[PDB]
Each structure stands twice: as structure tokens, then as C-alpha cells.
Protein chains: 4
Amino acid sequence: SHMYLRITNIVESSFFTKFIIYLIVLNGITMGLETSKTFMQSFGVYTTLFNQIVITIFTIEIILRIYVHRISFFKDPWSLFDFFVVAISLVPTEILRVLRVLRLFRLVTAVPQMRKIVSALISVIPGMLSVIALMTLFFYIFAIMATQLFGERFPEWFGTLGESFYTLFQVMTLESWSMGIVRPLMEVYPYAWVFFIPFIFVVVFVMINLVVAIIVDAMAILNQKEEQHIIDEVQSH
Amino acid sequence: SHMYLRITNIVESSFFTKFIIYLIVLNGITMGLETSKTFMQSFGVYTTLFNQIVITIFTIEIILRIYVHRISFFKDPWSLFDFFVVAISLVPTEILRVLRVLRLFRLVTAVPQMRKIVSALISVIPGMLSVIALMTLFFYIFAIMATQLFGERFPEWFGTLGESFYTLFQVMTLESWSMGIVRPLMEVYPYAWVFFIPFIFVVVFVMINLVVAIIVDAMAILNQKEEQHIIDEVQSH
Amino acid sequence: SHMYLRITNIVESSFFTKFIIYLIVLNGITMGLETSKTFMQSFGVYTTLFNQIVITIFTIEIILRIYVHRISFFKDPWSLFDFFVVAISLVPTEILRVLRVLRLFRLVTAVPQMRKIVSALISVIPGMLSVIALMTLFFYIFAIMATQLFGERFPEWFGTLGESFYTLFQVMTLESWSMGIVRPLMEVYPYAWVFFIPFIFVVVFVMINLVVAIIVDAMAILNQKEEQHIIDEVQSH
Amino acid sequence: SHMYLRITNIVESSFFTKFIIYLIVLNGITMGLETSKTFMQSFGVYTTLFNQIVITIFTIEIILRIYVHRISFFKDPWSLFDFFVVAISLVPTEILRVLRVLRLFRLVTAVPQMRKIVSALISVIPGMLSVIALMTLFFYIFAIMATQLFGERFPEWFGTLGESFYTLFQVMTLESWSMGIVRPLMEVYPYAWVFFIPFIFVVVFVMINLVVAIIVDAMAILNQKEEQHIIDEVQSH
Ligand SMILES: CCCCCCCCCCCCCC(=O)OC[C@H](COP(=O)(O)OCC[N+](C)(C)C)OC(=O)CCCCCCCCCCCCC
Ligand SMILES: CCCCCCCCCCCCCC(=O)OC[C@H](COP(=O)(O)OCC[N+](C)(C)C)OC(=O)CCCCCCCCCCCCC
């Protein structure tokens, strides 16, 4: 309650937060430099210790932040991310070596402007889950159908549920859907177009109508809010 | 009127609807498993009977639902779909074997959240039919023109009205329209671009303007509705 | 003033307009049939005379419509289109043979629902001309630059102002812009990306912002209109 | 203060501005003509002097405009652009020879309608910088990760941070992302899809949600503005 407040003033200080951001930017520059074989041959020794130093400092920081925030730390998504991103970077030296770079997203955690962007962007998602679920069910059914219609003759694209899922996603982005998949398919299965065209219609119609519904429903609420404000004034005056 | 109500309380019960959804999810898992040759070699016998069982249960369910809803059953699109999807799965064991998977969309029929999504999405369509008709006429005219401009020299892409329709749809999605179709066409017909560019302009302009019109007209009605509410208050107070 | 009204009641009659639409649909079916070599071998004789008949009837119709509408006929875009589309089909039997199919768009001229769609869609265009002009100037400048940067070494894609225009349009649709054009270009000109990336940014930013501006400005006017209505009520009550 | 006003009436005159636009259009036509080797063989001599003449006139114009506007000239973006675009064209005769064409954008500087378009389009950008920054950080992190996951085995696409940036941008436009990059990658790295799919989801989700937020926030302000106007009337009457 006394040594506590000492470190709480540190962890909460403007300097503390600025320092950590400084390190994030430095280490971010460093991780781009470590991309050059030339650079690594000359200064790899320096950059590697600086990475260990930065992660040590970040470890101390996370530790301090937990002593200060106590339980609230692990009920906070931004610090949960800081935690797991620094924890990943702690596992001893193979894909984890690459996931270490995710600690640069810490620059989103630390900068309030960036948090508001991400929070704002994330906020459409909860209301989209049922549509996403519906779409995932749609993909699943069509992936099953495509696996068994086309998998024997086109193993790479449809031989497996996973592969059909992948290909169906490719068709959704419209990437080479016709020259690359459906025309080749139609040389064996001339009615393949009866499968993929409707698939393309549904998947594109749903995406567009999802955007239309977000905008139009947003404004419906905007209208409800100003309607109450105007009516209250009328009711009051 | 008495044995009727006995089964009506069953068919209307929370348990009845939950049970059927349970089966849909189980059978949905099962149909993904039947995709693995390995899995089928080991447990194909089990999964096949479970499919026959599920379809038997679904047959009993449809039958019960018709006795309970009487005529209203066949005037209801969700149960019409349940009907035809279960009926398909009833035809004896080849493409129908694959259409059996459509009974997984029954998970949309049974889950009210999913119905509202689909109903919502479908509701733009009635007001789009005339535009869709106009676009289909557009495709038809340009498919006729392309068949006779390019079909002799490019049979695969334009030799037939059907093939030209297909290719025109591909050009609409912009998939390989230039490297894959129009540049090859222009090596024989250097003015082919005078055909496909304007085609691309119209088809893209119409899609975008359709989205713009749905959003803007939706808000026009939103504005009309709150205008009347505010004015009525003014008129009343 | 007397024989005039006789034909005016004809030309204005519900039957007259329905008959012509009937012919348009029939001849539209016919023009799709004439696409099949098989069909032409058997019934080409019949279809060809029916085409001459239909065009004769359409010629009489246009003539009647001009006597009835007088000058107003040539000040009306829908009848101007009917005129030129029937006139094209009148030139004696080579690309004009294919333009004959454009008389099927007459089904848009004759059906009021279709006219409203087309009128509605066309109505955004006048306010877009300056943006279109700006974009065309943009294409022109970049086509000049690309012709002289890349035309010697890549004649097919940039050897000519016209070809560079074509390729630039292809890059705008994002069709094979990188694997098909810019990566090949970068093997000779490693900074080609400094040309096409910014080009892609501008062209995509302008299209999106054009859509955003149409929607948002539409609603600005919608808001101005209901604001005046509400305020007038407040002012009146 | 006296010879000053003499040239100020010139530089501000309707004729002065029209003359310069005339030259811009002429020189714009000329620069398209200089694209034809045939044309240059015959009239290249003429066009080259006309280019030197035009640039001399533009130099005099810029000089006059600076004497008239004094400091205000270099605090004005449109004239700053005129300045640098004419200055580029002044460097003696290699890429600068091509940048000379940028003086045609002077037609945007000189035509007020075009300025309003460009100003309008630019006005969304300041509020987008933080999102753009967030997206650039996103690209940077994923470019680092992709360089080290895939660069050794796929040097052309990922061997270098710059190349990975380029490829990631290509994946964002969805151009050949699967047939051209990720399927080839997956033949060596079967989990490459775990990298690029989520990358595609984020990058597409962010773009769409950025458009949704611009439209919806624009209308929020539109609603706030008319709400105050209506309420003030209610408050006043
Ligand atoms: C509720 C959402 C539903 C969405 C609708 C999507 C479902 C439609 C999928 C049907 C498309 C079939 C595409 C296709 O080509 O499948 C492959 C089969 C293979 O037989 P086939 O092509 O005749 O030749 C085999 C060649 N061989 C001997 C060398 C192997 O080819 C055929 O069997 C061709 C048979 C024509 C199928 C026509 C189906 C019309 C629509 C069916 C669904 C309507 C009820 C919803
Ligand atoms: C107002 C809107 C303006 C929009 C900006 C668009 C204008 C930028 C275009 C510059 C991009 C240049 C792309 C390019 O690779 O051009 C080709 C030249 C060719 O020389 P190079 O690539 O060095 O090698 C030639 C190879 N050889 C000997 C076998 C022929 O390659 C080079 O010369 C490379 C030189 C680097 C150019 C860097 C330009 C930075 C931006 C310049 C414009 C800024 C002022 C607006």
C-alpha cells in the first residue's frame, strides 16, 4: 500500500509509457534491419542483444503493470495482448521466432489513437457473428458438395474438405475463379458452372447486403436519436 | 381434435425443435466425416445407418408437422424447403446423393436467428427484379452479339450463346477479362475492346448505382417516417 | 387534323404498344435461335423473313409515330433511339448485321418500368462529368508517361498511347496488374512499381470517394428537405 | 505600388488565365502527338520549339504570379504545384523528360471546377491518416514476417522487405493471390494459408469499414446540424 504506490506512480507516469513506445519504435526499426543479410553480417550481434534487452525491459514492464493493476490486468484485452505477445517472445529460440515480430503491434496497444481505431473497427463484429456463422455454414455445405463432386478428378483443388474450403474462399475473392478453376472443371464437368455461379451470387450478394445493412441500420439509430431529441424539445416547449 | 392436440403439443414443444436441431448438427458433423476416405473405410458402416436413421426421423417429423399445420405447411417457405430437402434425401441411391447435403441448410430453417438473417437478406430482392431483368436482357443482347462476332474464331469462349453468357459473366467479375479474353480476342479483332470496355462500364456502373440507390432510398423512407413523427408532435403540441 | 387523329388513336392505343412489344419479344427469341447453326440449317429461311417483316412493321411504326409526334419525336431520346436502332437494321446486308440485335433494347424503350430504371441510373451521370473529365485527364497524362517509359521495351502493352490507355484501364480494374504487367515490367524497370502503385491508389481512391460523395450528398439534400418541412410546421404551429 | 498594379491587373485578368489554359490544352494535344514516331519524324522540330515556347511563357507567368502574390504564392498549394511542375520542365534534357508531362495537371490548377473536385477528394484524407498509419504498420509487420518465412525459398516474392511489401500489396488487391502466390507457397509451406487468409480478412475488413465509417459519420454530422436548426426553431417559436 506504500511500496505499491511508489511503482504505481512509475507505471502510470507519462515517462514510463513514452519510454516503452520509444523501445517499440526502436525495436521495430531493428526488426526491419534484421531482414537484411548484409546488415546481420555486420551488426547482427548488436541487434540480437538489443532484442534480448528490449524483451527484458518489456518483461519487467508487464510484471510491474500486473502488480499495479492486479486482477484488472488480465480482464483487459490490450494488456492480455501485451502479455501473450511478450510471453511468445520469451520462449527460447521455430515459427515462434517469427511471431516475435507481433510485439510490434504493441505500438497499437500503447498509442491511444490506434486503440480507438481498432476498437471502432472491432465494434461491427459482434452484430455480424450470426451472418458470419450463416456464411461459414454455407461454405461448409458447399465444401462438402464440391469435395465429392470434384475431388476425385481435381484433388489439388477439391480432394479434401480443407482444400475445397480453400478453393471456395478463392472463388469468393473472384481470383482466377473461371480461367483457373471453373473452366478447367467444366472440361470434365460441363455443368460445374451450375455450382460455382450461384455460389458466387450468394457470397457476393451477402457481402454487399451486409455493408448496406450496417450503413442503413446505423442511420436508422441516428434518426431515432435525433427524433427523440427534437420531440422532447417540442414536448418541452 | 384430440389425438391431434396430443401430437401438436409434441411438434410444438421446445424439446421437439431442439432434438431436430441436435440431429442436424450431428448429421452435419457426420457428413464432413464421410468426406475422408480413411474415415469411411473404418466407420462408413456406422455413418451410413445414422444417415438413414436421421432421414427416417426427419421424415416422421415432416409428416407430423404436416398433420399439425395442415395446409399452412405448404404455404410456408421454410417448411416447403424442409419438405423438398428431406424428399431429395429420400430418393434411392447420382447427383441427388450430393444434394442430400442440402438438408444441412435445415439448420437455417430451425434456428430463428438464422431465418431473420435470410429473410432480411432476401427482402431487397423483390425491388431488384426489374433491374435484374434489365441486366439479364443486357447480358442476352451482348451474348448474341459476342457469339456472332467472336464465336467462329473463339469457340470455347463465344461459340455458343450459353458460352458467351458464361464468358460475359466472367468479364463482369473482371476475372482475367483482359489478359485472358480481350487481349487474345484483339489479336484477331483489334476493336474487340470497343465491345468489352463499354460492357464493363455498364455492368459495373449498374451494380454500384444499385447499391447507392438501396442505401439512399432506405434513408429517404427513414427520413419520411421520422418527419411524420416530429410533425405530428408539432401538430399535437 | 382528321386523318391525323385517326392514326393518333392507333399509335396511342394500348393495342399498338402491346403489339410492338410482342414483336420485340418474338424477334428477341428469334435472334437467340439464329445463334444455333443447327437451327439456321432447318428454319433459317423462316427466321430471316420474320426479321424482314418485323423491321418492316417497325419502320411503319416509326413513320406513324413521327407523323403523330411531329417534332416532339426527334426531341425525345427514347424515340431517337428507336429511330436509329431501326435505321441501322435497315442498311442492307457487316458489323451492322450484328448491330441489328440492338433493336432488342427497344424492349427498354417500350416498357415504362424499364425506362424508369434507365432514367434513374442515368441521372447520376451529369453531376459526374467533371470527375469523369478529371479521371480521363489523369488517364491521358499517365498513358503518355507510360508510353514513353515502357513502350520501346513493352510494345504490346505500352508501345502506343492507345495501348497504354488500354493497359491503364486494365490496371484500374486490377486485372492481372502485378503478375501480368508490373512484375514483367519490373524485370527491366525495377522502379515501375513507383508508377503503377500510385496510379492504383489514385484511381481506386477516386472511385470509392465518388460513391461516398453520391450517397452522403444525396442524404444532405434529403435532410435539407425534411428540415424545411419540419421547420415550416414549427413556424406555422 | 504602381508598376505593381499594372502587372497585377494583367495577372488577375480573365484573358491571362484563359490564355494559359489555352496553352495547357494545346501543349497537352502536342504531348500526345509527340507519342507517335511517325508524327515526330515529320513535325518533331515544330513541336519541340512549341514546348520550349510554352515553358518559357509558363516561366514568365510563374514569375509574374510571384511578383503579384508575393509570399502568398508559396503558401498556396496550387501555385506551389504550378511552380514545381514548371521547374521540373526547366531542368535541361532522363526521367525528368517524362515528368514534364505533369505540367498537364496544370489544367487542374487553372480550372476552378477541377480544383473543387480535387479539394473535395483530398478532404477525407486528414481524418484517414491514423487508419493509414495503422494499415502501414500492419503491412510492415506482415512484410517482416513474410520475408523471413518465405524469402529464402521464394526470393522474387518475399526475399526482401521491399519485395514482401510489394507482394503483400498485390495480395491486398486480390490479384492472383491464390493461383499466383499462395498455392505456389503452399507446395513448400502447406500452412501458408494461415498467413495470407487472415491477412486478406483484416485488409479487406478495414477498407470496407473505413468506407462505412466515412458515410455513417458524415450523416451523423448532417443529423447534428439539422437537429440544432430544428431545435432552435422550436426554442424560438
Ligand atoms: C439451397 C442452395 C442450393 C444451391 C444450388 C447448388 C447445388 C447445385 C449443384 C449441382 C451442380 C452440379 C455440377 C456438376 O457438374 O456436378 C458433377 C456431375 C457429374 O456428372 P456429369 O457432369 O454429368 O459427367 C461426369 C463425367 N464423368 C463420367 C467422366 C465423371 O454433374 C452433374 O451431375 C450435372 C447434373 C445437373 C445438375 C443440375 C442441378 C440443378 C440445381 C440442383 C439444386 C436445386 C435444388 C436446390
Ligand atoms: C502529380 C502526380 C504524380 C504521380 C507520380 C507518378 C510519376 C512517377 C513516375 C516515376 C516512376 C518511374 C518508373 C520507371 O521505372 O521508369 C523507367 C525508368 C527507366 O530507367 P531505369 O529503370 O533506371 O533502367 C533502365 C534500364 N535500361 C537501361 C535497360 C533501359 O526508371 C527510372 O528512371 C527510375 C527513377 C526513379 C523515379 C522516382 C520518381 C519518384 C516520384 C517522381 C514524381 C514526383 C513528383 C510528382
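Method-wise, the PDB entry is recorded as coming from X-ray crystallography, at a reported resolution of 2.501 Å.

Chain A has the name Ion transport protein in the PDB entry, where Arcobacter butzleri is given as its organism. The UniProt entry for chain A carries the following comment under Subcellular location (unreviewed entry): "Membrane".

*Asks:* Let's hear about the overall build of chain A: which residues, and what values?
*Replies:* On a plain count of helices and strands, chain A comes out with 12 helices and 0 strands. Radius of gyration (C-alpha) of chain A: 26 Å, far over the 18 Å computed for a compact globule of 237 residues. With the C-alpha coordinates of chain A rotated into their principal frame, the extents come out at 75 × 75 × 30 Å.

*Asks:* Give a description of the environment of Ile-66 of chain C that names residues and reports values.
*Replies:* All names here are of chain C. Relative to the elements of secondary structure, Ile-66 occurs in helix α3 (residues 37-69). Each C-alpha atom, one on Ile-66 and one on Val-11, is 9.9 Å from the other, the two residues being 55 residues apart in sequence. Ignoring sequence-local partners within four residues, the contact set of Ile-66 consists of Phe-73, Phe-74 and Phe-83.

*Asks:* Outline the domain arrangement of chain A, listing residues and values.
*Replies:* Residues and elements named next belong to chain A. We note that the domain assignment places domain 1 (1-116) and domain 2 (117-237) within chain A. Counting from both sides, the interface comprises 6 residues of domain 1 and, opposite them, 4 residues of domain 2. The dominant element in the side of domain 1 that touches domain 2, judged by the number of residues it contributes, is helix α7 (residues 112-122), at 4 residues. Its residues assigned to classes, the side of domain 1 that touches domain 2 comprises 3 nonpolar, 1 polar and 2 charged.

*Asks:* Requested: an account of the UniProt feature "binding site: Ca(2+) 1" (unreviewed entry) in chain A, with residues and values cited.
*Replies:* When the UniProt feature table is mapped onto this chain, "binding site: Ca(2+) 1" (unreviewed entry) is found at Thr-173 of chain A. Note on placement: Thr-173 of chain A falls in the loop between α10 (161-172) and α11 (177-188). Apart from the residues lying within four places of it in its own chain, the contact partners of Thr-173 of chain A are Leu-174 and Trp-177 of chain D.

*Asks:* How would you explain the side chain of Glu-61 of chain B if you had to name every residue and give the values?
*Replies:* Residue and element names in this part refer to chain B. For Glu-61, the position within the fold is in helix α3 (residues 37-69). Within polar-contact distance, the side chain of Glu-61 engages the side chain of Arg-106 at 2.4 Å. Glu-61 has contacts with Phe-16, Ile-20 and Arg-106, leaving out every residue within four places of it along the chain.

*Asks:* Lay out the interface of chain A and chain D with the relevant residues and their values.
*Replies:* The partner chain D presents 42 residues to the 44 residues of chain A that form the contact. Looking at the side of chain A that touches chain D, the elements with two or more residues in it are α2 (14-33), α5 (95-99), α6 (106-110), α7, α9 (155-158), α10, α11 and α12 (193-236) of chain A. Residues belonging to the side of chain A that touches chain D are distributed by class as follows: 28 nonpolar, 11 polar and 5 charged.

*Asks:* How would you summarise the interface of chain B and chain A if you had to cite specific residues and measurements?
*Replies:* Taken together, the contact between chain B and chain A spans 44 residues of the former and 42 residues of the latter. If you list the elements that add at least two residues to the side of chain B that touches chain A, you get α2 (14-33), α5 (95-99), α6 (106-110), α7 (112-122), α9 (155-158), α10 (161-172), α11 (177-188) and α12 (193-236) of chain B. The biggest single contributor to the side of chain B that touches chain A is α12 of chain B, with 11 residues. Class assignment for the residues of the side of chain B that touches chain A results in 28 nonpolar, 11 polar and 5 charged.

*Asks:* Describe the relation of the copies chain B and chain A, naming the residues involved and giving the relevant values.
*Replies:* Least-squares fitting of chain B to chain A yields an RMSD of 0.0 Å, with the transformation described by 0.0 Å of translation along the axis and a rotation of 90 degrees. The operation mapping one copy onto its partner corresponds to a four-fold rotation axis. A share of only 14% of the interface residues of chain B reappears at the interface of chain A, consistent with the copies meeting through non-equivalent patches.

Definitions and cut-offs
- Residues numbered from 1 in each chain as written, not as in the entry; some residues may be left out.
- Chains lettered and ligands numbered in written order.
- Heavy atoms only, no water.
- Residues with missing side-chain atoms left out of burial classes, pairs and counts.
- UniProt positions renumbered as here; feature names shortened; annotations may be inferred.
- Helix = DSSP H or I, 4+ residues; strand = E, 2+ residues; numbered from the N terminus.
- Rg over C-alpha atoms; globule rule 2.2 N^0.38 Å.
- Contact = heavy atoms within 4.5 Å.
- Domains from an automatic or database assignment.
- Nonpolar A, V, L, I, M, F, W, Y, C, P; charged D, E, K, R; others polar.
- Polar contact = N/O pair within 3.5 Å; in protein donor to acceptor, adjacent residues only side chain to side chain.
- Least-squares fit on C-alpha atoms.

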